[PDB]
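Next comes final_0.cif, a file with mmCIF, C-alpha atoms (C1' of nucleotides).
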data_run
#
loop_
_atom_site.group_PDB
_atom_site.id
_atom_site.type_symbol
_atom_site.label_atom_id
_atom_site.label_comp_id
_atom_site.auth_asym_id
_atom_site.auth_seq_id
_atom_site.Cartn_x
_atom_site.Cartn_y
_atom_site.Cartn_z
ATOM 1 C CA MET H 1 129.016 145.870 82.792
ATOM 2 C CA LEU H 2 128.786 148.055 85.923
ATOM 3 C CA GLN H 3 128.883 144.885 88.040
ATOM 4 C CA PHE H 4 131.831 143.691 85.925
ATOM 5 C CA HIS H 5 133.764 146.920 86.580
ATOM 6 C CA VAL H 6 132.881 146.800 90.304
ATOM 7 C CA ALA H 7 133.992 143.152 90.582
ATOM 8 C CA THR H 8 137.246 143.765 88.698
ATOM 9 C CA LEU H 9 137.860 146.740 90.989
ATOM 10 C CA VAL H 10 137.379 144.360 93.924
ATOM 11 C CA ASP H 11 138.664 140.984 92.692
ATOM 12 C CA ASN H 12 140.238 140.244 89.312
ATOM 13 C CA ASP H 13 141.272 136.687 90.283
ATOM 14 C CA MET H 14 137.779 135.151 90.297
ATOM 15 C CA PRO H 15 137.534 132.010 88.121
ATOM 16 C CA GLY H 16 134.629 131.816 85.715
ATOM 17 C CA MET H 17 134.655 135.617 85.492
ATOM 18 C CA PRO H 18 136.135 137.528 82.517
ATOM 19 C CA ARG H 19 139.555 139.007 83.234
ATOM 20 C CA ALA H 20 139.969 142.776 83.137
ATOM 21 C CA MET H 21 142.056 143.951 80.178
ATOM 22 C CA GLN H 22 144.828 146.473 80.817
ATOM 23 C CA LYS H 23 146.509 148.579 78.144
ATOM 24 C CA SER H 24 149.823 146.672 78.316
ATOM 25 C CA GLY H 25 148.551 143.121 77.804
ATOM 26 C CA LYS H 26 148.314 142.344 81.533
ATOM 27 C CA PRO H 27 145.476 141.625 83.964
ATOM 28 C CA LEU H 28 144.359 144.449 86.226
ATOM 29 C CA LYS H 29 145.985 144.517 89.668
ATOM 30 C CA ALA H 30 143.100 144.761 92.128
ATOM 31 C CA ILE H 31 143.165 145.515 95.855
ATOM 32 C CA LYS H 32 143.180 141.763 96.569
ATOM 33 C CA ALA H 33 146.394 141.476 94.544
ATOM 34 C CA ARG H 34 147.772 144.402 96.569
ATOM 35 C CA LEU H 35 147.086 142.624 99.877
ATOM 36 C CA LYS H 36 147.261 138.873 99.217
ATOM 37 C CA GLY H 37 150.694 137.646 98.156
ATOM 38 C CA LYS H 38 154.297 137.338 99.296
ATOM 39 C CA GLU H 39 155.099 140.747 97.773
ATOM 40 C CA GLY H 40 151.769 142.183 98.946
ATOM 41 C CA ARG H 41 150.979 145.030 101.308
ATOM 42 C CA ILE H 42 150.788 142.629 104.259
ATOM 43 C CA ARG H 43 153.714 140.265 103.698
ATOM 44 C CA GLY H 44 156.016 142.552 101.710
ATOM 45 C CA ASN H 45 155.184 145.941 103.241
ATOM 46 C CA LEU H 46 153.936 145.347 106.819
ATOM 47 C CA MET H 47 155.462 141.976 107.709
ATOM 48 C CA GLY H 48 158.735 142.676 105.917
ATOM 49 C CA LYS H 49 159.240 146.427 105.501
ATOM 50 C "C1'" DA D 1 134.278 184.304 41.459
ATOM 51 C "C1'" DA D 2 131.504 181.184 44.866
ATOM 52 C "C1'" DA D 3 129.554 176.492 46.215
ATOM 53 C "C1'" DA D 4 129.824 171.281 46.687
ATOM 54 C "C1'" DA D 5 132.151 166.597 46.835
ATOM 55 C "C1'" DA D 6 136.216 163.484 47.529
ATOM 56 C "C1'" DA D 7 140.898 162.658 49.620
ATOM 57 C "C1'" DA D 8 144.016 162.700 53.473
ATOM 58 C "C1'" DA D 9 145.610 164.091 58.268
ATOM 59 C "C1'" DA D 10 144.235 164.180 63.231
ATOM 60 C "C1'" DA D 11 141.705 162.378 67.345
ATOM 61 C "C1'" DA D 12 138.986 158.831 70.417
ATOM 62 C "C1'" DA D 13 138.194 153.865 71.593
ATOM 63 C "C1'" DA D 14 138.239 148.464 72.510
ATOM 64 C "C1'" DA D 15 141.115 144.713 72.421
ATOM 65 C "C1'" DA D 16 151.146 122.893 87.265
ATOM 66 C "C1'" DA D 17 150.417 119.179 91.171
ATOM 67 C "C1'" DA D 18 148.173 118.339 95.644
ATOM 68 C "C1'" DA D 19 144.842 118.494 99.491
ATOM 69 C "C1'" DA D 20 140.874 120.173 102.643
ATOM 70 C "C1'" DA D 21 136.122 121.837 102.752
ATOM 71 C "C1'" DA D 22 131.532 122.394 100.951
ATOM 72 C "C1'" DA D 23 127.518 121.572 97.762
ATOM 73 C "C1'" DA D 24 124.842 118.046 95.648
ATOM 74 C "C1'" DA D 25 122.583 113.748 93.594
ATOM 75 C "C1'" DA D 26 121.259 108.705 93.924
ATOM 76 C "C1'" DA D 27 119.909 105.661 97.276
ATOM 77 C "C1'" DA D 28 118.053 103.614 101.217
ATOM 78 C "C1'" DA D 29 116.173 102.202 105.527
ATOM 79 C "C1'" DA D 30 113.034 103.798 109.416
ATOM 80 C "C1'" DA D 31 108.784 105.400 110.857
ATOM 81 C "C1'" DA D 32 103.957 107.370 110.675
ATOM 82 C "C1'" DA D 33 98.774 107.342 108.334
ATOM 83 C "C1'" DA D 34 94.311 105.146 105.103
ATOM 84 C "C1'" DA D 35 92.230 100.314 103.225
ATOM 85 C "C1'" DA D 36 89.986 95.148 104.072
ATOM 86 C "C1'" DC D 37 88.728 89.577 104.347
ATOM 87 C "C1'" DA D 38 87.472 87.603 108.592
ATOM 88 C "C1'" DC D 39 86.967 87.903 113.399
ATOM 89 C "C1'" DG D 40 84.014 89.652 117.717
ATOM 90 C "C1'" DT D 41 79.177 90.145 119.271
ATOM 91 C "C1'" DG D 42 74.070 90.027 119.770
ATOM 92 C "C1'" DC D 43 69.756 88.618 117.887
ATOM 93 C "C1'" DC D 44 66.436 85.568 115.928
ATOM 94 C "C1'" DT D 45 64.540 82.611 112.847
ATOM 95 C "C1'" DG D 46 65.222 78.332 111.806
ATOM 96 C "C1'" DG D 47 67.023 73.811 113.601
ATOM 97 C "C1'" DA D 48 66.119 70.146 116.972
ATOM 98 C "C1'" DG D 49 63.340 66.798 120.379
ATOM 99 C "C1'" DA D 50 58.987 64.263 121.384
ATOM 100 C "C1'" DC D 51 54.259 62.153 120.436
ATOM 101 C "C1'" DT D 52 50.690 60.662 117.304
ATOM 102 C "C1'" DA D 53 48.896 58.201 113.531
ATOM 103 C "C1'" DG D 54 48.581 56.950 108.868
ATOM 104 C "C1'" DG D 55 49.550 55.922 104.457
ATOM 105 C "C1'" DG D 56 53.078 54.368 101.391
ATOM 106 C "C1'" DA D 57 56.439 50.706 100.835
ATOM 107 C "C1'" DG D 58 58.076 45.764 101.805
ATOM 108 C "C1'" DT D 59 56.842 40.977 102.024
ATOM 109 C "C1'" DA D 60 54.136 36.454 100.605
ATOM 110 C "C1'" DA D 61 51.668 33.871 96.774
ATOM 111 C "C1'" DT D 62 50.099 33.284 91.824
ATOM 112 C "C1'" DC D 63 50.098 33.470 86.872
ATOM 113 C "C1'" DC D 64 50.318 34.343 82.450
ATOM 114 C "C1'" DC D 65 52.331 37.063 79.400
ATOM 115 C "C1'" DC D 66 56.375 38.087 77.611
ATOM 116 C "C1'" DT D 67 60.702 36.675 76.777
ATOM 117 C "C1'" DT D 68 64.107 33.216 75.229
ATOM 118 C "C1'" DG D 69 65.673 29.265 72.362
ATOM 119 C "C1'" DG D 70 66.023 25.941 68.163
ATOM 120 C "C1'" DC D 71 65.387 24.370 62.951
ATOM 121 C "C1'" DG D 72 64.789 24.894 58.552
ATOM 122 C "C1'" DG D 73 63.929 27.851 53.118
ATOM 123 C "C1'" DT D 74 65.051 31.043 49.690
ATOM 124 C "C1'" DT D 75 67.371 34.747 49.689
ATOM 125 C "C1'" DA D 76 68.446 39.695 49.678
ATOM 126 C "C1'" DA D 77 72.344 41.373 51.880
ATOM 127 C "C1'" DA D 78 77.020 41.030 52.326
ATOM 128 C "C1'" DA D 79 81.692 39.965 50.538
ATOM 129 C "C1'" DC D 80 85.258 39.566 47.061
ATOM 130 C "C1'" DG D 81 87.581 41.030 42.726
ATOM 131 C "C1'" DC D 82 88.784 44.219 38.392
#

Please express the file's structure as structure tokens.
Amino acid sequence: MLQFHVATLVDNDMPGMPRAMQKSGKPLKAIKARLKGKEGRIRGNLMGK
DNA sequence: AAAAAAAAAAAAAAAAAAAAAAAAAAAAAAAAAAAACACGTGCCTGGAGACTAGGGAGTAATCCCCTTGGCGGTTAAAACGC
């Protein structure tokens, strides 16, 4: 479970790995979700601020 | 009048299609080491050549013994039938 919490802190988009459960019925938004994506920290905040 | 048990309110907690790259399994040919009937080699014991001389087999004559051939008399053996 410690490895599960560490992995979901790092990457919650890993297939074959149980998704982290948030309080509002959503998956947890990890740091990879903050960076990778069109609306991410790179494309939506550094590329397109 | 004081102690114990059940009921209810409050608080904490788990619950979509497409394409490139890599890993992997079945297969498959190529190439490098241990066996094994017959070939390579040297030795020798047996195969081969020559002379002697003799004794066992072939050849000639004879005969008589053994083998073959015929003719007749019941006749037991064979054949035929029910």

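Interatomic distance, atom CA of residue 4 of chain H to atom CA of residue 28 of chain H: 12.6 Å.
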
Tell me which of H:41, H:35, H:22, H:46 sits closest to chain D, counting all atoms listed in the file. H:22

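Atom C1' of residue 12 of chain D is positioned 22.8 Å from atom CA of residue 27 of chain H.
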
From the set H:17, H:36, H:25, H:10, which residue has the shortest atom-to-atom contact distance to chain D, counting only C-alpha atoms (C1' of nucleotides)? H:25

Between atom CA of residue 47 of chain H and atom CA of residue 29 of chain H lies a distance of 20.5 Å

What do you get, as a short mmCIF file (atom, residue, chain, number, x, y, z; two decimals) with C-alpha atoms, keeping the file's coordinate frame, if you spell out every residue that the PyMOL selection byres ((chain H) within 12 of (chain D)) selects here?
data_model
loop_
_atom_site.label_atom_id
_atom_site.label_comp_id
_atom_site.auth_asym_id
_atom_site.auth_seq_id
_atom_site.Cartn_x
_atom_site.Cartn_y
_atom_site.Cartn_z
CA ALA H 20 139.97 142.78 83.14
CA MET H 21 142.06 143.95 80.18
CA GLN H 22 144.83 146.47 80.82
CA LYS H 23 146.51 148.58 78.14
CA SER H 24 149.82 146.67 78.32
CA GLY H 25 148.55 143.12 77.80
CA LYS H 26 148.31 142.34 81.53
#

Once you count only C-alpha atoms (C1' of nucleotides), which residues end up no further than 12 Å from (149.6, 141.7, 95.6) in the file's frame, shown as a CSV table (one decimal) with C-alpha atoms, in the frame of the given file?
chain,number,residue,atom,x,y,z
H,11,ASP,CA,138.7,141.0,92.7
H,12,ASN,CA,140.2,140.2,89.3
H,13,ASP,CA,141.3,136.7,90.3
H,28,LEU,CA,144.4,144.4,86.2
H,29,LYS,CA,146.0,144.5,89.7
H,30,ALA,CA,143.1,144.8,92.1
H,31,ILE,CA,143.2,145.5,95.9
H,32,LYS,CA,143.2,141.8,96.6
H,33,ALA,CA,146.4,141.5,94.5
H,34,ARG,CA,147.8,144.4,96.6
H,35,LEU,CA,147.1,142.6,99.9
H,36,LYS,CA,147.3,138.9,99.2
H,37,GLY,CA,150.7,137.6,98.2
H,38,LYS,CA,154.3,137.3,99.3
H,39,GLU,CA,155.1,140.7,97.8
H,40,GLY,CA,151.8,142.2,98.9
H,41,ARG,CA,151.0,145.0,101.3
H,42,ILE,CA,150.8,142.6,104.3
H,43,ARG,CA,153.7,140.3,103.7
H,44,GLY,CA,156.0,142.6,101.7
H,45,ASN,CA,155.2,145.9,103.2
